[PDB]
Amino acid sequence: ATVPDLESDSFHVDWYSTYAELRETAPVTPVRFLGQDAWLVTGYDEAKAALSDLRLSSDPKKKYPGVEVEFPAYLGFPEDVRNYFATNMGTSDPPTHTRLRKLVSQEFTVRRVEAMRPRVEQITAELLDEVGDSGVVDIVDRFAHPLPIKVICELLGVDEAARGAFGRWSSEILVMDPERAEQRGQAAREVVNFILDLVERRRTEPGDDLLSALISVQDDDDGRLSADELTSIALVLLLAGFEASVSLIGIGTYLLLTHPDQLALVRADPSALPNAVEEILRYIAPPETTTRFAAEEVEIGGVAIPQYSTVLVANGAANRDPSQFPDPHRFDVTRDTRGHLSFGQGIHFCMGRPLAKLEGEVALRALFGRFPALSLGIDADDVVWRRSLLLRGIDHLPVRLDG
(Lines of atoms letter the chains of each structure in order from A and count residues from 1; the text may use other names and numbers.)
(Lines give C-alpha, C1' and ligand atoms only; values in the text may rest on other atoms or scores of the structure.)
Protein backbone atom coordinates (compact mmCIF):
# COMPACT_ATOMS: atom_id res chain seq x y z
CA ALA A 1 0.00 0.00 0.00
CA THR A 2 1.10 3.65 0.29
CA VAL A 3 3.38 4.56 3.20
CA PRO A 4 2.03 7.87 4.58
CA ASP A 5 4.61 10.62 5.24
CA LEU A 6 4.25 12.32 8.63
CA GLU A 7 5.50 15.54 7.10
CA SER A 8 2.54 15.83 4.71
CA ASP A 9 -0.15 18.43 5.42
CA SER A 10 -2.65 15.68 6.16
CA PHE A 11 -0.98 15.43 9.60
CA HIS A 12 -1.15 19.18 10.02
CA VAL A 13 -4.44 20.19 8.45
CA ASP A 14 -7.67 18.75 9.85
CA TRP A 15 -5.33 15.97 11.01
CA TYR A 16 -7.85 14.34 13.34
CA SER A 17 -9.62 13.25 10.14
CA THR A 18 -6.66 11.47 8.59
CA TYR A 19 -5.89 9.76 11.91
CA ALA A 20 -9.41 8.34 12.07
CA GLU A 21 -9.01 7.12 8.45
CA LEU A 22 -5.73 5.31 9.19
CA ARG A 23 -7.06 3.95 12.49
CA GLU A 24 -9.81 2.40 10.37
CA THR A 25 -7.37 0.99 7.82
CA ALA A 26 -4.90 -0.45 10.31
CA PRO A 27 -4.51 0.73 13.92
CA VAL A 28 -0.79 -0.03 13.57
CA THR A 29 0.75 0.96 10.21
CA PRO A 30 4.27 1.57 8.81
CA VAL A 31 5.07 5.21 8.05
CA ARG A 32 7.85 7.45 6.85
CA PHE A 33 9.03 10.37 8.97
CA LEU A 34 12.15 12.53 8.88
CA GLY A 35 13.58 9.95 6.50
CA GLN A 36 13.14 6.86 8.64
CA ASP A 37 10.58 4.05 8.56
CA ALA A 38 8.45 3.93 11.67
CA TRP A 39 5.22 2.59 13.08
CA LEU A 40 2.27 4.76 13.90
CA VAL A 41 -0.23 3.68 16.52
CA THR A 42 -3.57 5.47 16.26
CA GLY A 43 -5.77 3.04 18.15
CA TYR A 44 -6.73 3.49 21.81
CA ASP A 45 -6.26 -0.11 22.87
CA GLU A 46 -3.06 -0.33 20.85
CA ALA A 47 -1.61 2.88 22.24
CA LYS A 48 -2.32 1.95 25.88
CA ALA A 49 -0.89 -1.55 25.40
CA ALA A 50 2.16 0.04 23.76
CA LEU A 51 2.84 2.45 26.62
CA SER A 52 2.62 -0.51 29.02
CA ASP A 53 4.68 -2.99 27.02
CA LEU A 54 8.20 -2.32 28.41
CA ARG A 55 10.04 -4.03 25.52
CA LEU A 56 9.53 -0.59 23.96
CA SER A 57 12.32 1.55 25.36
CA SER A 58 12.18 5.30 26.05
CA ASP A 59 15.99 5.37 26.12
CA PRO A 60 17.59 6.96 23.02
CA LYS A 61 21.16 6.47 24.25
CA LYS A 62 20.95 2.69 24.39
CA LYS A 63 23.49 1.15 22.06
CA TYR A 64 22.60 -2.00 20.18
CA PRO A 65 24.61 -4.08 17.69
CA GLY A 66 24.69 -2.77 14.12
CA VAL A 67 21.89 -0.27 14.51
CA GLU A 68 21.61 3.44 15.26
CA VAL A 69 18.91 4.62 17.69
CA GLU A 70 17.48 7.85 16.32
CA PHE A 71 14.41 9.31 18.01
CA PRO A 72 12.98 11.96 15.62
CA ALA A 73 12.74 14.42 18.48
CA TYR A 74 16.54 14.64 18.36
CA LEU A 75 16.74 15.89 14.80
CA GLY A 76 20.00 17.82 14.65
CA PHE A 77 21.17 17.65 18.27
CA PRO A 78 24.89 16.85 18.49
CA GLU A 79 25.60 13.73 20.64
CA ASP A 80 26.82 15.55 23.74
CA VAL A 81 23.68 17.71 23.80
CA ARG A 82 21.45 14.71 23.12
CA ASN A 83 22.84 13.05 26.23
CA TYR A 84 22.13 16.23 28.14
CA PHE A 85 18.54 16.15 26.88
CA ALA A 86 18.23 12.42 27.52
CA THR A 87 19.52 11.68 31.04
CA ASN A 88 16.33 11.92 33.13
CA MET A 89 13.15 9.95 33.85
CA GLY A 90 11.28 10.56 30.58
CA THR A 91 14.18 9.06 28.64
CA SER A 92 15.27 6.11 30.81
CA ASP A 93 14.03 2.56 31.46
CA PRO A 94 13.89 0.76 34.79
CA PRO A 95 15.81 0.38 37.07
CA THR A 96 17.45 3.78 36.42
CA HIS A 97 14.08 5.40 35.75
CA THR A 98 12.97 3.95 39.05
CA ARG A 99 15.67 5.63 41.17
CA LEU A 100 15.58 8.82 39.12
CA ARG A 101 11.84 9.22 39.63
CA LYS A 102 11.94 8.31 43.32
CA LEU A 103 14.58 10.90 44.20
CA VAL A 104 12.70 13.63 42.31
CA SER A 105 9.22 12.71 43.55
CA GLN A 106 10.63 13.33 47.02
CA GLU A 107 10.85 17.06 46.47
CA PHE A 108 8.46 17.53 43.56
CA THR A 109 5.61 16.90 45.97
CA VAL A 110 1.90 17.74 45.82
CA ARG A 111 2.60 19.79 48.94
CA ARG A 112 5.17 21.99 47.20
CA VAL A 113 2.77 22.45 44.29
CA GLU A 114 -0.17 23.35 46.54
CA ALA A 115 1.94 25.97 48.27
CA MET A 116 2.32 27.57 44.85
CA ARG A 117 -1.36 28.30 44.17
CA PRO A 118 -1.31 31.77 45.80
CA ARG A 119 1.60 32.97 43.63
CA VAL A 120 0.04 31.34 40.55
CA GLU A 121 -3.11 33.37 41.11
CA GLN A 122 -1.02 36.47 41.80
CA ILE A 123 1.04 36.08 38.59
CA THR A 124 -2.22 35.46 36.75
CA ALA A 125 -3.69 38.60 38.24
CA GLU A 126 -0.69 40.75 37.34
CA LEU A 127 -0.72 39.66 33.70
CA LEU A 128 -4.40 40.34 33.16
CA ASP A 129 -4.06 43.67 34.93
CA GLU A 130 -1.53 44.63 32.26
CA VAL A 131 -3.75 43.89 29.24
CA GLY A 132 -6.40 46.51 29.88
CA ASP A 133 -10.06 46.30 28.88
CA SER A 134 -10.06 47.19 25.21
CA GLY A 135 -8.91 46.30 21.73
CA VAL A 136 -7.39 43.15 20.34
CA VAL A 137 -4.40 41.46 22.03
CA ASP A 138 -2.29 38.33 21.43
CA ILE A 139 -3.49 36.19 24.34
CA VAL A 140 -0.53 33.88 23.85
CA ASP A 141 2.34 36.40 23.99
CA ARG A 142 0.50 38.31 26.73
CA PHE A 143 -0.93 35.58 28.94
CA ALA A 144 -0.66 31.93 27.98
CA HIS A 145 3.10 32.30 27.36
CA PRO A 146 4.52 34.32 30.31
CA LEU A 147 2.31 32.82 33.03
CA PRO A 148 3.69 29.27 32.68
CA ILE A 149 7.17 30.71 32.30
CA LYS A 150 7.03 32.77 35.49
CA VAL A 151 5.65 29.78 37.41
CA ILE A 152 8.19 27.11 36.56
CA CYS A 153 11.01 29.65 36.65
CA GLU A 154 9.98 30.39 40.26
CA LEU A 155 9.75 26.65 40.91
CA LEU A 156 13.30 25.99 39.68
CA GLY A 157 14.72 29.22 41.06
CA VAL A 158 15.60 30.72 37.67
CA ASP A 159 17.48 34.03 37.86
CA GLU A 160 14.93 36.43 36.30
CA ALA A 161 17.80 38.64 35.15
CA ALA A 162 19.51 36.00 33.00
CA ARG A 163 16.09 34.56 32.09
CA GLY A 164 14.21 34.77 28.81
CA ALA A 165 15.81 33.91 25.44
CA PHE A 166 15.18 30.23 26.06
CA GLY A 167 11.66 31.15 24.98
CA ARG A 168 13.07 31.62 21.49
CA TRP A 169 15.27 28.57 21.92
CA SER A 170 12.37 26.24 22.70
CA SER A 171 10.27 27.63 19.83
CA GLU A 172 12.94 26.40 17.47
CA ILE A 173 13.26 23.09 19.32
CA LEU A 174 9.56 22.28 18.97
CA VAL A 175 9.61 22.02 15.14
CA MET A 176 11.55 19.30 13.27
CA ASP A 177 12.44 20.74 9.90
CA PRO A 178 14.98 18.52 8.07
CA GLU A 179 16.67 21.69 6.74
CA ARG A 180 16.69 23.92 9.83
CA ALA A 181 18.45 20.98 11.56
CA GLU A 182 21.56 23.05 12.29
CA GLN A 183 19.39 25.87 13.65
CA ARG A 184 17.80 23.12 15.77
CA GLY A 185 21.15 21.78 16.93
CA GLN A 186 22.31 25.31 17.75
CA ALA A 187 19.19 26.11 19.78
CA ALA A 188 19.56 22.87 21.76
CA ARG A 189 23.14 23.70 22.61
CA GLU A 190 22.19 27.15 23.90
CA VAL A 191 19.50 25.61 26.13
CA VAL A 192 21.99 23.10 27.59
CA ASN A 193 24.41 25.98 28.35
CA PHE A 194 21.77 28.05 30.13
CA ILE A 195 21.00 25.05 32.30
CA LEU A 196 24.63 24.11 33.01
CA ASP A 197 25.14 27.67 34.22
CA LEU A 198 21.79 27.65 36.05
CA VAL A 199 22.66 24.71 38.26
CA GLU A 200 26.17 25.98 38.96
CA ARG A 201 24.74 29.27 40.17
CA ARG A 202 22.39 27.13 42.28
CA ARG A 203 25.26 24.95 43.46
CA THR A 204 26.86 28.14 44.69
CA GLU A 205 23.81 30.01 45.95
CA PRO A 206 21.36 27.79 47.84
CA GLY A 207 17.68 28.64 48.13
CA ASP A 208 14.50 26.81 49.03
CA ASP A 209 13.36 26.20 45.45
CA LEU A 210 12.89 22.75 43.92
CA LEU A 211 16.26 22.84 42.21
CA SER A 212 18.42 23.54 45.27
CA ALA A 213 16.22 20.89 46.87
CA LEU A 214 17.16 18.36 44.18
CA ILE A 215 20.85 19.24 44.56
CA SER A 216 20.72 18.11 48.18
CA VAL A 217 18.50 15.00 47.85
CA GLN A 218 19.86 11.68 49.08
CA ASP A 219 18.67 8.14 49.81
CA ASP A 220 19.82 4.99 51.62
CA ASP A 221 20.34 2.49 48.82
CA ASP A 222 19.00 4.48 45.84
CA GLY A 223 21.67 7.15 46.26
CA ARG A 224 21.61 10.69 44.93
CA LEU A 225 21.53 12.70 41.71
CA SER A 226 24.79 13.09 39.81
CA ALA A 227 25.84 16.20 37.87
CA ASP A 228 24.67 14.99 34.43
CA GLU A 229 21.41 13.59 35.78
CA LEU A 230 20.70 16.75 37.73
CA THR A 231 21.38 19.08 34.83
CA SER A 232 19.18 16.90 32.64
CA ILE A 233 16.33 16.75 35.20
CA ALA A 234 16.37 20.56 35.43
CA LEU A 235 16.31 20.95 31.66
CA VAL A 236 13.38 18.63 31.02
CA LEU A 237 11.36 20.03 33.91
CA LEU A 238 11.94 23.60 32.73
CA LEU A 239 11.31 22.85 29.06
CA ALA A 240 8.60 20.18 29.07
CA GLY A 241 7.12 21.97 32.08
CA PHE A 242 6.47 25.38 30.60
CA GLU A 243 5.82 24.65 26.92
CA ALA A 244 3.18 21.94 27.51
CA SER A 245 1.36 24.27 29.87
CA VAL A 246 1.35 27.05 27.31
CA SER A 247 -0.44 24.72 24.91
CA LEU A 248 -3.01 23.89 27.60
CA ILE A 249 -3.98 27.55 28.05
CA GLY A 250 -3.94 28.67 24.42
CA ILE A 251 -5.76 25.64 23.06
CA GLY A 252 -8.12 25.78 26.03
CA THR A 253 -8.79 29.48 25.43
CA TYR A 254 -9.42 28.96 21.74
CA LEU A 255 -11.77 26.00 22.34
CA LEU A 256 -14.12 27.59 24.82
CA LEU A 257 -14.23 30.77 22.72
CA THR A 258 -15.44 28.71 19.74
CA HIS A 259 -17.88 26.61 21.80
CA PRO A 260 -19.97 29.27 23.60
CA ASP A 261 -22.22 26.43 24.71
CA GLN A 262 -19.37 25.08 26.85
CA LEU A 263 -18.10 28.46 27.99
CA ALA A 264 -21.51 29.30 29.48
CA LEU A 265 -21.49 26.00 31.41
CA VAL A 266 -17.98 26.58 32.81
CA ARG A 267 -18.98 30.15 33.53
CA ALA A 268 -22.09 29.20 35.52
CA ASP A 269 -20.79 26.09 37.29
CA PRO A 270 -17.37 26.53 39.09
CA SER A 271 -16.99 22.81 39.80
CA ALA A 272 -17.11 22.36 35.99
CA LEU A 273 -13.67 23.89 35.37
CA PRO A 274 -11.63 20.99 36.78
CA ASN A 275 -13.32 18.69 34.29
CA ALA A 276 -13.22 21.29 31.49
CA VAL A 277 -9.43 21.25 31.77
CA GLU A 278 -9.59 17.47 31.28
CA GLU A 279 -11.71 17.58 28.13
CA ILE A 280 -9.29 20.17 26.75
CA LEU A 281 -6.39 17.74 27.09
CA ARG A 282 -8.46 14.94 25.58
CA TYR A 283 -9.74 16.91 22.62
CA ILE A 284 -6.38 18.35 21.53
CA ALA A 285 -3.62 16.51 23.38
CA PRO A 286 -0.45 18.63 23.38
CA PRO A 287 1.84 15.55 23.18
CA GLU A 288 0.43 14.59 19.77
CA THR A 289 2.78 11.62 19.60
CA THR A 290 5.14 9.89 22.04
CA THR A 291 8.16 7.87 20.97
CA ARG A 292 9.27 4.35 21.92
CA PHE A 293 11.93 2.06 20.45
CA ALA A 294 11.28 -1.68 19.99
CA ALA A 295 14.15 -3.33 21.89
CA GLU A 296 12.58 -6.68 21.02
CA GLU A 297 10.08 -7.79 18.35
CA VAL A 298 6.72 -6.69 19.71
CA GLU A 299 3.17 -7.56 18.70
CA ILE A 300 0.67 -4.68 18.79
CA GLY A 301 -2.96 -5.43 17.94
CA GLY A 302 -2.29 -8.60 16.02
CA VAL A 303 0.49 -6.78 14.15
CA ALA A 304 4.10 -7.83 14.60
CA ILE A 305 6.38 -4.80 15.00
CA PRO A 306 9.97 -5.82 14.02
CA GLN A 307 12.83 -5.51 16.49
CA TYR A 308 14.76 -2.21 16.63
CA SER A 309 11.88 -0.16 15.18
CA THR A 310 10.77 3.39 16.01
CA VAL A 311 7.22 3.31 17.36
CA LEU A 312 5.33 6.58 17.46
CA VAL A 313 2.33 6.36 19.80
CA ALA A 314 -0.15 9.02 18.65
CA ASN A 315 -1.72 9.97 22.00
CA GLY A 316 -3.82 12.60 20.28
CA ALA A 317 -5.23 10.02 17.88
CA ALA A 318 -5.93 7.53 20.69
CA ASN A 319 -7.98 10.19 22.51
CA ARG A 320 -10.33 10.27 19.55
CA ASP A 321 -10.92 6.52 19.40
CA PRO A 322 -14.72 6.26 19.01
CA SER A 323 -14.89 2.85 20.68
CA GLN A 324 -13.48 4.41 23.85
CA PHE A 325 -14.75 8.00 23.67
CA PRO A 326 -18.29 8.23 22.19
CA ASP A 327 -18.52 10.88 19.45
CA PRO A 328 -14.84 11.89 19.98
CA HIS A 329 -15.34 15.07 18.00
CA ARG A 330 -17.82 16.78 20.28
CA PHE A 331 -15.95 19.02 22.73
CA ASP A 332 -17.95 18.22 25.86
CA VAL A 333 -17.17 19.63 29.32
CA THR A 334 -19.51 17.14 30.98
CA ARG A 335 -18.04 14.00 29.34
CA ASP A 336 -16.21 11.20 31.14
CA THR A 337 -12.56 11.91 30.25
CA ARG A 338 -11.22 9.03 32.35
CA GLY A 339 -8.57 7.01 30.60
CA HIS A 340 -7.23 9.62 28.20
CA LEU A 341 -3.56 9.38 27.25
CA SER A 342 -2.49 13.06 27.49
CA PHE A 343 -0.57 12.74 30.77
CA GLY A 344 0.97 9.50 29.54
CA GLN A 345 0.11 5.95 30.50
CA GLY A 346 2.02 3.45 32.60
CA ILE A 347 5.32 4.15 34.37
CA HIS A 348 6.22 7.44 32.67
CA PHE A 349 2.94 9.10 33.66
CA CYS A 350 3.30 12.85 33.94
CA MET A 351 4.75 13.83 37.33
CA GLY A 352 3.67 17.43 36.77
CA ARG A 353 -0.02 16.59 36.36
CA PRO A 354 -1.14 18.46 39.52
CA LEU A 355 0.81 21.62 38.62
CA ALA A 356 -0.50 21.47 35.06
CA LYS A 357 -4.09 21.32 36.23
CA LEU A 358 -3.40 23.97 38.88
CA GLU A 359 -2.42 26.35 36.11
CA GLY A 360 -5.14 25.37 33.67
CA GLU A 361 -7.86 25.92 36.23
CA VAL A 362 -6.48 29.12 37.75
CA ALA A 363 -5.69 30.67 34.35
CA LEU A 364 -8.92 29.98 32.48
CA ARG A 365 -11.06 30.91 35.49
CA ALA A 366 -9.36 34.29 35.88
CA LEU A 367 -9.48 35.04 32.16
CA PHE A 368 -13.16 34.33 31.40
CA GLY A 369 -14.26 35.88 34.69
CA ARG A 370 -12.52 39.22 34.37
CA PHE A 371 -13.45 39.40 30.70
CA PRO A 372 -17.08 38.16 30.48
CA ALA A 373 -17.38 39.31 26.85
CA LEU A 374 -13.98 38.03 25.65
CA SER A 375 -14.20 37.19 21.94
CA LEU A 376 -11.91 35.59 19.38
CA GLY A 377 -10.45 38.40 17.29
CA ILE A 378 -10.14 36.30 14.14
CA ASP A 379 -11.92 33.84 11.97
CA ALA A 380 -11.88 30.54 13.85
CA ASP A 381 -10.84 28.64 10.77
CA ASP A 382 -7.97 31.17 10.51
CA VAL A 383 -6.23 30.06 13.72
CA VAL A 384 -2.76 28.90 12.79
CA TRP A 385 -1.65 25.55 14.23
CA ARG A 386 1.96 24.67 15.07
CA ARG A 387 3.36 22.07 12.67
CA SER A 388 4.72 19.90 15.47
CA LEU A 389 3.90 16.25 16.19
CA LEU A 390 6.12 16.66 19.25
CA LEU A 391 4.10 19.37 20.99
CA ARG A 392 0.94 20.76 19.38
CA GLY A 393 -0.24 24.27 20.15
CA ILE A 394 -1.11 27.82 19.02
CA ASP A 395 1.54 30.57 18.87
CA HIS A 396 -0.62 33.63 18.19
CA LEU A 397 -4.18 33.93 19.42
CA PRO A 398 -5.72 37.42 18.94
CA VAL A 399 -8.79 38.08 21.06
CA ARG A 400 -10.79 41.25 21.71
CA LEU A 401 -11.17 42.04 25.42
CA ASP A 402 -14.28 44.19 25.66
CA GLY A 403 -16.25 43.04 22.65
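Sequential numbering from 1, following the sequence displayed.
- Remark: stretch with higher mean C-alpha B factor among 212 to 220 and 313 to 321 is 212 to 220.
- Stretch comparison (304 to 312 versus 77 to 85) by mean CA B-factor in the PDB entry places 77 to 85 on top.
- Going by the entry's values, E182 shows the largest Cα B-factor out of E243, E229, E182, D93.
- Within the group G132, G250, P148, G157, the record's highest C-alpha temperature factor is found at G132.
- Ranked by Cα temperature factor within the chain, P72 sits in the middle third according to the deposited record.
- Sort the chain's modelled residues by C-alpha temperature factor and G360 lands in the lowest third, per the entry.
- Among the modelled residues of its chain, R292 has a C-alpha B-factor that falls in the lowest third according to the deposited record.
- Per-chain ranking of the deposited C-alpha B factor places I173 in the middle third.
- Placement of the Cα temperature factor of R112 within the chain: lowest third of the modelled residues, per the deposited record.
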